[PDB]
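See structure below.
As the structure lists them, so they are numbered: ligands from 1, and atoms in each ligand from 1. A note on names: the letters A, B, ... follow the listed sequences, proteins ahead of strands, and every chain is numbered from 1.
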Amino acid sequence: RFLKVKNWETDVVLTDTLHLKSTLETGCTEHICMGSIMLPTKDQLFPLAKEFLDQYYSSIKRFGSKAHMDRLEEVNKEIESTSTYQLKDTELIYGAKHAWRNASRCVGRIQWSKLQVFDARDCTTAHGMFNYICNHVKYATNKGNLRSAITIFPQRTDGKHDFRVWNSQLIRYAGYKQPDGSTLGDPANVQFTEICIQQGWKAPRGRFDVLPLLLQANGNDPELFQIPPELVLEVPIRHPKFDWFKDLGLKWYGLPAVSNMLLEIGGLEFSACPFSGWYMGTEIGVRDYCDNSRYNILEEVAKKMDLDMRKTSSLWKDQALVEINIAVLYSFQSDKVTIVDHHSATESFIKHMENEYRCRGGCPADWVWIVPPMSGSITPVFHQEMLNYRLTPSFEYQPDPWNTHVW
Amino acid sequence: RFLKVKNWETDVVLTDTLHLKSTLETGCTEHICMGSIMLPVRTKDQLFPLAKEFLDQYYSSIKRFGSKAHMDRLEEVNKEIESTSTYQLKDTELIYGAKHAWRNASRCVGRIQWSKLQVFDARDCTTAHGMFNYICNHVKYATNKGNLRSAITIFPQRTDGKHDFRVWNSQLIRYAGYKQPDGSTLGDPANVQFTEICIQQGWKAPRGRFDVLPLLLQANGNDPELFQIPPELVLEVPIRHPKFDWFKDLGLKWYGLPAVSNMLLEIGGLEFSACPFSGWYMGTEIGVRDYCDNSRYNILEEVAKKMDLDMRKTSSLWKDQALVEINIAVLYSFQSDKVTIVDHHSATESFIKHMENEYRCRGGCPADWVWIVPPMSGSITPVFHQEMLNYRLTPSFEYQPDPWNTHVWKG
Ligand code: HEM
Ligand code: HEM
Ligand SMILES: N=C(Nc1cccc(O[C@H]2CN[C@H](COc3ccc(/N=C(/N)c4cccs4)cc3)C2)c1)c1cccs1
Ligand SMILES: N=C(Nc1cccc(O[C@H]2CN[C@H](COc3ccc(/N=C(/N)c4cccs4)cc3)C2)c1)c1cccs1
Ligand SMILES: C[C@H](O)[C@H](O)[C@H]1CNc2nc(N)[nH]c(=O)c2N1
Ligand SMILES: C[C@H](O)[C@H](O)[C@H]1CNc2nc(N)[nH]c(=O)c2N1
Ligand SMILES: [Zn+2]
């Protein structure tokens with residue numbers, strides 16, 4: 001019931017008790033581990049509200065005070081009456097910070113308490129959403145000195161009036177299927193790119209076209225908006241040794257901003273809660289650039305390096321992979337756009353785990369996601385045992401809006 | 001209940017029904033996943049069902065389920081258990097058993113090979129000198145002058161827990177490590193404690209960086225005895241780089257034959273506590289883990305110095321660069337000397353094909369992603385993108401505690 005995790009490189013053992021708080025289910029059982037699977041009413045609401053308010057009041061050292069007992073009654077009265085309730089600003093901010101704190105798949109959590117929360121619960125239209133989003137993008141970008149932020153739209157009510165951002169990230173590049181059977185730009189975004197086109201967006205039909213926002217307010221049909229180019233910080237990708245690297249025509253955007261997740265706080269559901277931080281270099285260099293189903297540039301890069309591509313055992317893929325990732329980091333750094341390398345990020349995460357174990361009694365962590373997609377064992381997280389479990393407040397997946405929406 | 005796994009690169013979806021046959025426990029529950037935790041005397045009572053289940057699987061494999069030969073064997077095993085408290089496997093059942101323990105090893109990327117395994121029956125062995133003899137023969141057979149052949153040698157099973165056969169070595173061939181008075185380590189730091197035991201037992205240590213350790217062998221619950229493997233049987237590969245001529249001067253080498261000697265093999269409820277098995281190396285085992293773990297030989301800094309990379313910031317990726325060069329060197333050195341090795345691209349691609357084959361013919365393939373994904377360049381191998389289901393089947397290889405922790409010393 002008290003659980004130990006060991007770091008096999010340093011012999012540091014931590015004791016986890018925080019998992020006993022856990023409420024939601026993992027997908028695993030005593031007979032089967034599902035650790036590598038990507039996706040494994042009034043009566044329901046009051047327990048959820050109570051559990052949340054309890055941890056809130058405990059966090060401000062006011063557990064069992066009249067202020068606590070008063071607020072519990074007030075929300076209870078509100079649920080009895082309205083079948084929902086509203087969070088105080090303080091509770092909203094605490095909830096958002098903790099949803100990040102609880103994100104077991106996130107290596108960047110040493111930062112969790114520095115999150116700027118933008119309360120957009122007063123928003124009513126897609127134009128208003130567009131406005132809040134531009135303000136977030138400009139704030140978070142901060143001319144390259146990136147700052148973590150979340151913008152929180154109105155919570156789910158009856159579920160026929162959902163606020164949604166249809167985009168998967170606020171800033172992403174378009175994807176087009178071509179006569180060749182090949183794909184121009186980002187293949188991950190082909191379907192969304194089709195929705196935008198068929199919604200009215202005239203597409204430049206290039207390799208790096210910033211997608212338009214498709215914003216749904218109050219369950220209405222979503223609407224297109226171009227983010228002002230001056231608010232989209234992009235980085236041309238060059239190499240500090242290889243002159244020809246720039247000739248590849250590669251670029252990426254500075255601001256990673258997830259817009260398709262659902263924030264749950266005290267039972268309340270925020271279906272539009274775009275959040276942003278900054279990149280770890282591997283996300284772009286390894287996954288975005290080198291996944292076979294993404295920009296898949298390994299072949300073209302190895303060619304320019306004149307590597308022996310005859311045999312897998314020359315490790316030509318591995319050599320090209322390193323160079324690409326050197327280039328991503330060198331470029332962002334040269335242009336003063338915040339980025340973290342995988343060595344620095346994983347080192348920070350170990351330190352964060354240690355903080356959380358002593359301060360909180362644990363830290364839910366999903367090893368499969370935390371270990372970087374290159375050079376796994378030369379980062380400290382590889383050698384760190386992790387316990388994965390689900391705490392609330394949380395960010396959760398939710399299905400893509402087009403499958404759900406009633407036009 | 002059918003369970004689906006998806007490859008996210010290819011969209012290939014597979015359906016698992018084999019997990020239904022799993023009895024043993026994973027470590028996980030509905031509230032916690034322990035997928036990254038390294039380690040998450042039987043009576044007549046528990047023994048007959050374990051035997052029955054195994055023999056049913058065996059007779060099914062040979063298309064003789066429910067036959068007279070099947071039923072007679074069940075009867076014969078039952079009578080033998082009730083009168084002797086244990087039973088002996090037929091040669092055929094032992095072979096089938098050892099192969100299946102490999103087939104079922106969820107952490108093994110090399111399983112496409114599972115059915116090609118040479119099984120040496122050493123159950124007539126009685127002494128440590130006899131064990132040495134068996135192990136020498138296994139090493140010479142497996143090595144095959146560089147053309148490695150997978151093999152397992154199986155010593156007598158556990159009886160009362162007081163007469164165990166054990167190989168004290170964690171691998172048959174491995175380098176000594178020596179903790180120095182100044183706190184530095186000479187040789188392989190992973191093997192310091194075992195090295196210390198060998199010395200105390202009487203081994204004369206050459207005290208170098210790549211000293212092959214002596215075998216420490218326990219027969220029949222007796223105190224273990226030391227033996228030196230004849231050097232002519234220990235194939236080694238000096239490590240050099242195809243382009244970097246200074247690489248040879250790092251003084252590196254490795255042995256060709258990886259041979260795990262400290263696991264326990266369970267077949268039909270029987271426990272074989274000494275069952276050394278060997279295959280061949282995937283290159284990253286040596287180039288990434290043995291050479292570059294901070295806790296092992298730790299050669300990254302010295303390699304990067306000689307490559308004259310920018311070492312002042314991690315964001316130059318000097319470590320990642322040096323890592324790839326070392327791994328090229330390992331593969332080049334093995335291939336040039338014609339010692340079998342497989343690179344992680346080739347080995348992971350083969351595993352995916354094995355896995356798909358297993359889902360189709362067997363209804364599943366238990367796999368532990370944490371272990372199957374290579375320790376470098378993870379997402380440029382197809383296994384990174386493959387969902388896997390991890391569950392425990394028997395026959396199985398299992399961990400057991402190091403023997404110095406449990407052994408009753410006779411003196
Ligand atoms: C400050 C800089 C940050 C860095 C460098 C960082 C790093 C990462 C990385 C590399 C992943 C894996 C992404 C993938 O492979 O798809 C991730 C996952 C995640 N991050 Fe962070 N992160 C940071 C800030 C944040 C912030 C501000 C939030 C929310 C407020 C957050 C919430 C999450 C969530 C919810 C996931 C998992 C998404 C999923 O399950 O698919 N991150 N993060
Ligand atoms: C034929 C060539 C083979 C290759 C390239 C191969 C590859 C591997 C690798 C890379 C690992 C992970 C090792 C580690 O990180 O510690 C492993 C684990 C394992 N392999 Fe294979 N293997 C092969 C043959 C075999 C054979 C012949 C057996 C037994 C008959 C076997 C049984 C296992 C077991 C039981 C584990 C897990 C060890 C543990 O849990 O600590 N392997 N293998
Ligand atoms: N649907 C697909 N597969 C699939 C399945 C499950 C999850 C998934 O992506 C999630 C994982 N994760 C992504 C969102 O989470 C992220 C993304 C980036 C990220 N990176 C950062 N540095 C930050 C973003 C925001 C703050 S930090 C941090 C979190 C989005 C894709 C396919 C696509 C194309 C063909 S099939
Ligand atoms: N005691 C430690 N931690 C630890 C905890 C659990 C397991 C473990 O190592 C096992 C896992 N794994 C190893 C045995 O399994 C193997 C090993 C090598 C191997 N390689 C091959 N290609 C083959 C060998 C035989 C047939 S193929 C295949 C399987 C031995 C180490 C530490 C060591 C150093 C600092 S802390
Ligand atoms: C099947 C497997 O779970 C899947 O490929 C995962 C593995 N680990 C990951 N880790 C991160 N950070 N991001 C990912 O998208 C994935 N993909
Ligand atoms: C903590 C973690 O589970 C541990 O470091 C594992 C990760 N994956 C591994 N995978 C392999 N093949 N071998 C290992 O030793 C490890 N170590
Ligand atoms: Zn699990």
Checklist outcome for this item: atom 11 (C) of ligand 4 has as its nearest protein heavy atom B/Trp371 CH2, 3.4 Å

Checklist entry - Which one of B/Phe277, B/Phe397, B/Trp114, B/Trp371 has a non-hydrogen atom at the shortest distance from atom 28 (C) of ligand 2? => result B/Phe277

Checklist entry - Are side-chain N/O atoms of B/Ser346 and B/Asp343 paired as donor and acceptor at under 3.5 Å? => result no

Next on the checklist: Considering non-hydrogen atoms of the protein only, which is the closest contact for atom 34 (C) of ligand 2, and what is the distance?
Outcome noted: B/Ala105 CB, 4.0 Å

Item to check | 4.0 Å heavy-atom contact, B/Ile152 with ligand 2 | outcome: no

Next on the checklist: For ligand 2, which is the ligand I care about here, please tell me if B/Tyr399 has any N or O atom under 3.5 Å from one of the ligand's N or O atoms.
Outcome noted: yes

Next on the checklist: Parallel, tilted or perpendicular, judged at 30° and 60°: which one describes the rings of B/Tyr141 and B/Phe120?
Outcome noted: perpendicular

Checklist outcome for this item: protein heavy-atom neighbour closest to atom 6 (C) of ligand 4 works out as B/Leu39 CD2, 3.6 Å

Next on the checklist: Does the residue B/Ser278 have a heavy-atom contact with ligand 4, meaning some pair of atoms that are separated by less than 4.0 Å?
Outcome noted: yes

Item to check | side-chain hydrogen bond (donor to acceptor under 3.5 Å, both in side chains) evaluation trace for B/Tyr178 with B/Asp211 | outcome: CA-CA 10 Å; B/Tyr178 310 91; B/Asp211 308 334; 2.7 Å; yes

Checklist outcome for this item: closest protein heavy atom to atom 32 (C) of ligand 4 is A/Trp8 CE3, 4.3 Å

Next on the checklist: Centroid separation under 6.0 Å, is that true for the rings of B/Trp254 and B/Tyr175?
Outcome noted: yes

Item to check | Minimum non-hydrogen distance to atom 22 (N) of ligand 2, winning option of B/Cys108, B/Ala101, B/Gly279 | outcome: B/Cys108

Checklist entry - Just which atoms of ligand 4 are under 4.0 Å from any heavy atom in B/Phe277? => result 25 (C), 26 (C)

Checklist entry - Heavy-atom distance to atom 25 (C) of ligand 4: which of B/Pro258, B/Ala347, B/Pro276 wins? => result B/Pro258

Checklist entry - Mind checking whether B/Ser278 has a heavy atom under 4.0 Å from ligand 2? => result yes

Checklist entry - What part of B/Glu285, side chain, backbone, both or neither, has a heavy atom within less than 4.0 angstrom of ligand 4? => result side chain

Item to check | Closest approach of any protein heavy atom to atom 38 (C) of ligand 2, naming residue and atom | outcome: B/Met263 SD, 4.1 Å

Next on the checklist: Just to confirm my output: which protein heavy-atom neighbour is closest to atom 11 (C) of ligand 2, and how far is it?
Outcome noted: B/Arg107 O, 4.2 Å

Next on the checklist: How far is atom 31 (C) of ligand 4 from the closest protein heavy atom, and which atom is that?
Outcome noted: B/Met38 CE, 4.2 Å

Next on the checklist: Is it the case that over 12 heavy atoms from other parts of the model lie below 6.0 angstrom from the CD atom of B/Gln57?
Outcome noted: yes

Next on the checklist: Tell me the protein heavy atom at minimum distance from atom 1 (C) of ligand 2, and give that distance in Å.
Outcome noted: B/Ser150 OG, 3.6 Å

Checklist entry - Do A/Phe382 and A/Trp367 make the cut of ring centroids closer than 6.0 angstrom? => result yes

Item to check | Top protein contact for atom 33 (C) of ligand 4, by heavy-atom distance | outcome: B/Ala190 CB, 4.7 Å

Checklist entry - Any chance the side chains of A/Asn102 and A/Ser394 put a donor and an acceptor closer than 3.5 Å? => result no

Next on the checklist: Using ring pair (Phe, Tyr, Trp, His ring centres under 6.0 Å), reason through B/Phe165 and B/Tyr134 one step at a time and then give a plain yes or no.
Outcome noted: CA-CA 13 Å; B/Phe165 287 70; B/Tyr134 272 113; over 10 Å; no

Checklist entry - B/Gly279 heavy atoms, cut-off 4.0 Å: which ligand 4 atoms fall inside? => result 25 (C), 26 (C), 27 (S)

Next on the checklist: Quick check on B/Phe2: does its CZ atom have over 12 non-hydrogen neighbours (other residues, nucleotides or ligands) under 6.0 Å away?
Outcome noted: no

Item to check | B/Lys99 atom NZ, neighbour heavy-atom count above 12 within 6.0 Å | outcome: yes

Checklist entry - For atom 7 (C) of ligand 2, what's the nearest protein heavy atom and its distance? => result B/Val109 CG1, 3.8 Å

Checklist outcome for this item: In B/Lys353, B/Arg111, B/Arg103, the residue satisfying salt bridge (charged side-chain N to carboxylate O under 4.0 Å, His left out) with B/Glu358 is B/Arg103

Checklist outcome for this item: Heavy-atom closest pair (A/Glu9 atom, B/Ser295 atom, distance to 0.1 Å) is O-OG, 3.3 Å

Checklist entry - Testing A/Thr17, A/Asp16, A/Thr15 for side-chain hydrogen bond (donor to acceptor under 3.5 Å, both in side chains) with A/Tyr357, which one passes? => result A/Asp16

Checklist entry - atom 28 (C) of ligand 4: which protein heavy atom is closest, and how many Å away? => result B/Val260 CG2, 4.2 Å

Item to check | Three-point angle B/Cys28:SG, the Zn ion (ligand 7), A/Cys33:SG, rounded to the nearest 10° | outcome: 100°

Item to check | Protein heavy atom under 4.0 Å of atom 9 (O) of ligand 4 | outcome: no

Checklist entry - Are B/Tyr255 and B/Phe210 an aromatic pair by the rule of ring centers under 6.0 Å? => result no

Checklist entry - Looking only at heavy atoms, is any part of B/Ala151 under 4.0 Å from ligand 2, and if so is it the side chain, the backbone, or both, or is it neither? => result neither

Checklist entry - Heavy-atom contacts under 4.0 Å between B/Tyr399 and ligand 4: side chain, backbone, both, or neither? => result side chain

Item to check | NZ/B/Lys6: more than 12 non-hydrogen atoms of other groups inside 6.0 Å | outcome: yes

Checklist entry - Which protein heavy atom lies closest to atom 24 (C) of ligand 2, and at what distance to 0.1 Å? => result B/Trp102 CZ2, 3.4 Å

Checklist entry - Where does B/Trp280 meet ligand 2, judged by heavy-atom distances below 4.0 Å: at the side chain, the backbone, both, or neither? => result both

Next on the checklist: Counting only heavy atoms closer than 4.0 Å, does ligand 2 sit against the backbone of B/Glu285, its side chain, both, or neither?
Outcome noted: side chain

Checklist entry - Does NZ in A/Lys311 sit with more than 12 non-hydrogen atoms of other residues, nucleotides or ligands closer than 6.0 Å? => result yes

Checklist outcome for this item: Heavy-atom nearest pair, A/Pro372 first then A/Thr346, reads CG-CG2, 3.5 Å

Checklist entry - Just heavy atoms, cut-off under 4.0 Å: does B/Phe397 contact ligand 4 by side chain, backbone, both, or neither? => result neither

